[PDB]
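Contents: one structure, followed by commentary.
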Amino acid sequence: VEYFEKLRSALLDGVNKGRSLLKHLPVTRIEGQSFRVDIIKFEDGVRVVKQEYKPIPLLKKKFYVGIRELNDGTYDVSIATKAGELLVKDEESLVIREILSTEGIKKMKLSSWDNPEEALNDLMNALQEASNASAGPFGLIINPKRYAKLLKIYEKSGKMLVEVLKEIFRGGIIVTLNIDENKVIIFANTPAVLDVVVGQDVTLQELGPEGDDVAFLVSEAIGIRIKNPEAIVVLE
Amino acid sequence: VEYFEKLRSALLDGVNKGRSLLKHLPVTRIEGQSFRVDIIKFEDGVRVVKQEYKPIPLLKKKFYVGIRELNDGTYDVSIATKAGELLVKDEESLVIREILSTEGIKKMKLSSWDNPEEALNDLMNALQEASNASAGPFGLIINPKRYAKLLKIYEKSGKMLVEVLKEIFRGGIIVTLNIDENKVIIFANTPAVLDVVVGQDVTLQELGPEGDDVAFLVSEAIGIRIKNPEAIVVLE
Amino acid sequence: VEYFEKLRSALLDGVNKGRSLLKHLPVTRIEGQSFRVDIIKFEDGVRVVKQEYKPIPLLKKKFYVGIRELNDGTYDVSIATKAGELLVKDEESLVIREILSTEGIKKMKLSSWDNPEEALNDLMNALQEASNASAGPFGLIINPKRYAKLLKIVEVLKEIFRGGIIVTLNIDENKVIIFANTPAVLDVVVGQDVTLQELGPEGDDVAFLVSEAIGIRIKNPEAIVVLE
Amino acid sequence: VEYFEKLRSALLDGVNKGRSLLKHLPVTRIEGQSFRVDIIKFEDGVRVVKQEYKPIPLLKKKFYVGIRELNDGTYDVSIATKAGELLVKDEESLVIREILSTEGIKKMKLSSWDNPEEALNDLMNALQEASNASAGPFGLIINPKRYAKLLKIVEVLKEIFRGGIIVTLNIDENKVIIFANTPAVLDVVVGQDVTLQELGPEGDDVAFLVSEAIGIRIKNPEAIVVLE
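Chains as they are written, first to last, in the entry's author numbering: chain A, 110 to 345; chain B, 110 to 345; chain C, 110 to 262, 271 to 345; chain C', 110 to 262, 271 to 345. A prime marks a further copy of an entry chain.
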């Protein structure tokens with residue numbers, strides 16, 4: 110009836126408020142429960158060296174709205190929000206946790222970033238190493254605390270280091286709180302290397318009266334596939 | 110016959126997004142499999158000092174798409190991408206190696222670009238040298254590793270060195286990965302000096318079923334015509 | 110929605126493939142929860158000698174199918190099948206259990222068949238005692254282990278036990294039932310056919326309930342003989 | 110052109126005549142390269158106890174028909190048949206190979222049948238252990254050599278092993294499989310039916326590729342018993 114369309118709406122408008130990583134990476138909507146990871150390399154021609162099948166896990170958060178409240182009209186839609194808001198935090202964390210564990214991605218030394226010069230360096234180096242794999246536009250994923258270290262006037266003119274970096278990393282600068290403050294991901298933002306496989310979208314399901322309140326289920330099928338580890342660099 | 114038009118597109122794109130040299134040097138669409146270089150010089154007048162016929166070699170790069178995947182439609186178009194992406198690496202590498210080997214080009218001492226001022230000099234001096242042969246806009250082919258040094262701020266000016274170098278060198282700053290980190294080419298970016306002749310564009314040809322997969326052939330005819338060796342100077 | 114009708118079917122064509130005893134016994138539909146059992150004997154005419162009311166107990170079996178699977182259509186209908194298989198097993202052993210505990214049924218001494226001339230005897234003997242009640246075809250309900258020891262030559274059982282030779286692990290290995298297969302003797306009364314009900318979301322999966330009402334009426338106990 | 114449709118047929122009506130095991134097992138179509146295996150057990154209801162993803166491997170067999178023959182129409186379609194025959198043999202032994210290497214399956218001691226009273230025992234025993242998992246009909250997969258030594262009287274196997282008696286040289290002579298033939302236990306999942314593909318001119322003949330995607334899902338390992 111009502112309490113639904115409203116709850117679901119507040120669920121989504123709470124998912125967007127916290128979703129960032131998934132707004133920039135390339136997403137491919139699959140129809141299944143698992144996907145294949147075709148790893149291509151060069152041996153007497155560019156061909157698929159290793160094939161691998163990975164399952165798309167199910168992400169879910171459940172929220173409960175009082176029965177009574179659902180009838181008074183006195184229910185707090187913000188519950189749904191805290192739910193979705195919480196979903197993406199896991200969704201985002203998943204992606205990052207996987208990229209970081211993927212076998213193949215290159216790892217380099219992440220410095221302090223107190224001298225723009227120093228930070229710009231780390232980035233420029235990571236960027237090169239990665240470019241060797243794919244020319245595709247490059248972007249980086251960083252935590253606010255680091256992002257801040259980039260908010261400095263670089264050229265006596267007035268251009269901030271960030272602004273310069275934005276011209277270099279056309280893949281975008283993804284700032285998320287879900288990545289450890291001391292880890293930076295440099296990557297080719299191209300489906301030919303990075304791919305967020307979507308098995309099931311985000312959906313609100315009304316389980317049902319489980320106590321003095323109704324139970325609800327927010328869930329989504331999601332997973333990333335790294336087709337070209339070589340094109341990703343992690344600054345640890 | 111859709112898996113083709115798709116692969117070709119992925120190819121052509123990846124090829125394009127990877128080209129650097131071929132986007133800035135001047136190109137001439139030739140006809141045959143060879144071209145003639147009329148080397149122009151000044152000896153009691155501007156005249157053709159030496160004629161020379163050069164053959165345009167064929168650049169090949171082949172990829173294989175599984176048949177299974179080709180049938181159920183789960184083939185990864187990204188192979189075509191990596192393919193062409195790789196094609197250029199040879200295509201550029203060729204042109205570069207061929208310039209560097211051409212006799213007549215001038216060579217100067219390339220220092221370590223740690224003190225922007227030195228770099229700014231080397232470049233300004235190479236500029237001078239080339240300026241003797243031509244006058245046409247001057248540009249430079251340079252490896253990302255060196256280009257980065259140019260992003261540091263030239264203290265005495267307060268701008269990134271690059272930003273200054275772009276004031277001189279209207280020929281463009283070609284940054285390619287296909288030129289020894291420690292070799293820089295300054296040159297007159299003019300058809301009257303440099304010239305990339307293309308015998309055959311980049312094309313995707315479906316070789317044919319060879320095992321469990323289908324073979325494909327990415328290929329192109331290409332070469333550089335250097336008419337004024339003296340308008341090219343290599344910092345090595 | 111749709112995964113229902115599909116589960117429902119796998120449920121049935123799992124119950125139908127599993128039924129054995131219940132395929133040989135006569136059946137009657139009754140709309141209710143209890144039924145009346147009429148003991149039919151001959152005393153100056155075929156007459157009803159004793160009345161008696163029994164309740165048709167409910168047989169249930171539940172299964173759960175993941176929520177996800179039900180949504181993305183990748184659920185394994187076999188689940189329903191397994192449910193049905195079990196339902197039947199319970200249903201079958203229930204009938205047997207109840208026959209064995211009915212009033213009049215005649216009991217004889219079953220001898221561990223090791224000396225193959227006594228085996229055929231014990232059967233032929235029971236089948237005799239049975240015949241004294243009702244002449245209708247005779248059925249045999251024996252555990253497979255007994256049907257095993259019964260192989261040492271047995272091919273004419275099908276010639277003598279026309280009523281049917283039900284071999285099932287649902288009757289204690291050390292018991293054998295010989296009965297006159299006929300309405301005048303026993304019959305299955307069904308209060309509710311097998312039905313699939315979608316209970317609902319119950320954790321991470323949806324719950325389903327397979328159920329049926331069913332019982333047996335032994336009208337002429339004397340026509341039944343157990344070998345304990 | 111036309112020699113295709115003709116080769117294709119000989120290919121099929123060669124695969125169809127050769128299939129054995131695969132004719133008795135239940136089958137399910139799946140559009141994909143991998144499938145999910147659901148372990149179905151009973152724990153307060155028929156429920157899925159374990160998930161797991163397997164990939165459907167590709168089965169291929171190729172044959173070559175002379176260029177000439179293909180042109181003057183004197184090609185021997187039997188070639189395609191032989192191809193198909195082989196495809197099946199590979200397909201069959203693949204299923205068997207995989208059953209034998211599945212997780213839960215119960216293993217028992219198979220005794221070289223030389224003393225005919227032990228033979229029937231080993232089978233009857235396995236068939237027992239199996240029954241404790243699923244009651245569905247039981248199947249027997251035995252090498253012919255064993256089906257040989259099993260002839261010294271065996272005629273009731275068809276009476277006890279209703280699930281089917283698959284005799285094939287595809288199962289190691291010294292191994293025997295007894296299983297509950299039912300979806301609730303195992304089933305074949307096909308990702309791609311048998312298909313004929315004309316690769317092309319490759320020397321003096323044209324090359325052809327026969328292929329198919331196929332695998333087995335053991336949902337209830339306990340319902341399977343190997344005799345090693």
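We put the CB at the ideal spot given by N, CA and C, even for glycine.
Among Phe-113(C'), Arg-128(C'), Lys-150(C') and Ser-129(C'), whose alpha-carbon lies nearest the alpha-carbon of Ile-335(C')?
Among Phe-113(C'), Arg-128(C'), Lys-150(C') and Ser-129(C'), the Cα nearest to that of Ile-335(C') is on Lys-150(C').
Name the DSSP bridge partner or partners of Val-155(C)?
Partner(s): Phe-151(C).
Cβ of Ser-143(A) less than 8 Å from any chain C' Cβ?
Taking Cβ atoms only, chain C' reaches closer than 8 Å to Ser-143(A), which makes this a yes.
Leaving aside the five residues before and after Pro-338(C) along the sequence, list all residues of the same chain whose C-beta is less than 6 Å from its C-beta, in chain order.
Answer for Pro-338(C): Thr-211, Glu-212, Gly-213 and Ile-214, listed in chain order.
For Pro-246(B) and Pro-164(B), what's the separation of their Cα atoms in angstroms?
Going by the C-alpha atoms only, they are around 28 Å apart.
Ordered along the chain, which non-local residues of its own chain (more than five positions away) have a Cβ less than 6 Å from that of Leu-259(B)?
So the qualifying residues of the chain are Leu-270 and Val-271.
For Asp-185(B), go through chain A and note every residue whose CB falls closer than 9 Å to its CB, in chain order.
Residues of chain A passing the Cβ test: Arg-145, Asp-147, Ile-149, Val-157, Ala-301 and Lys-336.
Would you mind sorting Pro-300(C') into buried or exposed? The rule is 16 or more other CB atoms within 10 Å of its CB.
Classification for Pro-300(C'): buried.
Residues of chain C' with CB closer than 7 Å to the CB of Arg-177(B), please, in chain order.
Here the neighbours are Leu-167.
Is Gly-267(B) close to chain D, meaning its C-beta is less than 8 Å from at least one C-beta of that chain?
Looking for chain D here will not work: the only protein chains present are A, B, C and C'.
Is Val-327(A) closer than 8 Å to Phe-113(A) when the C-beta atoms are compared?
No. Outside cutoff.
Please name the residue, chosen from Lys-126(A), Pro-253(A) and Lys-216(A), that lies closest to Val-197(A) on a Cα-to-Cα basis.
Answer by Cα proximity: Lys-126(A).
Chain B beta carbons: is any one of them nearer than 8 Å to that of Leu-196(C')?
It does not: the Cβ of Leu-196(C') has no partner Cβ on chain B nearer than 8 Å.
By the 10 Å Cβ neighbour count, where 16 or more other Cβ atoms means buried, how is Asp-231(B) classified, buried or exposed?
Classification of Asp-231(B): buried, given that the 10 Å Cβ count is 16 or more.
What would DSSP say about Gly-213(B), mapped onto helix, strand or coil?
The answer is coil: DSSP assigns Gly-213(B) none of H, G, I, E or B.
Using only the alpha-carbon positions, how far apart do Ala-340(B) and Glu-227(B) sit?
Taking the straight line joining both Cα atoms gives about 22 Å.
Can you name the start and end residues of the beta strand (DSSP E) that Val-305(C) belongs to?
Segment 303-318, the beta strand (DSSP E) holding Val-305(C).
Considering Cα atoms alone, identify which of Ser-187(B), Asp-289(B), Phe-296(B) and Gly-317(B) is closest to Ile-282(B).
The shortest C-alpha separation from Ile-282(B) is found at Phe-296(B).
Suppose the cutoff is 8 Å on Cβ atoms and the five residues either side in sequence are ignored; what does the same chain contact list for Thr-190(C') look like?
Answer for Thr-190(C'): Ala-119, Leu-120, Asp-122 and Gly-123, listed in chain order.
Is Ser-143(C') helix, strand or coil when you go by DSSP?
In this structure, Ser-143(C') counts as strand in the three-state DSSP scheme.
Under the assumption that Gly-332(C) contacts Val-306(C) (Cβ atoms under 8 Å), give the Cβ distance between them as a whole number of angstroms.
Contact holds; Cβ gap of about 5 Å.
Can you give me the C-alpha to C-alpha distance between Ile-205(B) and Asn-252(B), rounded to a whole angstrom?
If I take the Cα positions, the gap works out to 11 Å.
Sort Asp-223(C'), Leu-249(C') and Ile-176(C') by Cα distance to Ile-288(C') and report the nearest one.
Comparing Cα positions, the closest option is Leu-249(C').
Nearest to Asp-199(B) by alpha carbon, out of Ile-188(B), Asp-181(B) and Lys-170(B)?
If we check each option's Cα against that of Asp-199(B), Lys-170(B) comes out closest.
Check whether the Cβ of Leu-203(C') lies closer than 8 Å to any Cβ atom in chain B.
No - not a single Cβ of chain B is within 8 Å of the one on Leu-203(C').
Using the C-alpha atoms, what's the distance from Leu-286(C) back to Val-293(C')?
Approximately 23 Å between the Cα atoms of the pair.
By alpha-carbon positions, which one of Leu-274(C), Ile-262(C), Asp-304(C) and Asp-310(C) ends up nearest to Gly-141(C)?
Comparing Cα-Cα distances from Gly-141(C) to each of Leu-274(C), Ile-262(C), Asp-304(C) and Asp-310(C), the minimum goes to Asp-310(C).
Starting from the beta carbon of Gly-320(C'), find every residue of chain B whose beta carbon is closer than 7 Å, and list them in chain order.
Chain B residues near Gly-320(C'): none, gap ~13 Å exceeds 7 Å.
Since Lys-261(C) and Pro-225(C) are thought to touch, with beta carbons under 8 Å apart, how far apart are those beta carbons, to the nearest angstrom?
5 Å between Cβ atoms; contact.
So the beta strand (DSSP E) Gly-127(C) belongs to, where does it begin and stop?
Run containing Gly-127(C): none in the beta strand (DSSP E); it sits in the alpha helix (DSSP H), 112-127.
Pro-164(A) CB to nearest chain C' CB: under 8 Å?
For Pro-164(A), the answer is yes, since a Cβ of chain C' falls inside 8 Å of its Cβ.
Taking 8 Å as the threshold (beta carbon to beta carbon), is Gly-317(C') in contact with chain B?
It does: the Cβ of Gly-317(C') has a partner Cβ on chain B nearer than 8 Å.
Measure from the C-beta of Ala-192(C) to each C-beta in chain C' and report whether the shortest distance is under 8 Å.
Chain C' contact via Cβ: present.
Could you compute how far the alpha carbon of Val-136(A) sits from the alpha carbon of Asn-291(A)?
Computed Cα separation, rounded: 26 Å.
Might you give, ordered along the chain, the residues of its own chain that have their beta carbon closer than 8 Å to the beta carbon of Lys-268(B), omitting 5 neighbours on each side?
Cβ neighbours of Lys-268(B) beyond the five flanking positions: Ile-262.
If you count every other CB in all the chains shown that lies within 10 Å of the CB of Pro-318(A), and 16 or more means buried, which is it?
Under this definition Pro-318(A) is an exposed residue.
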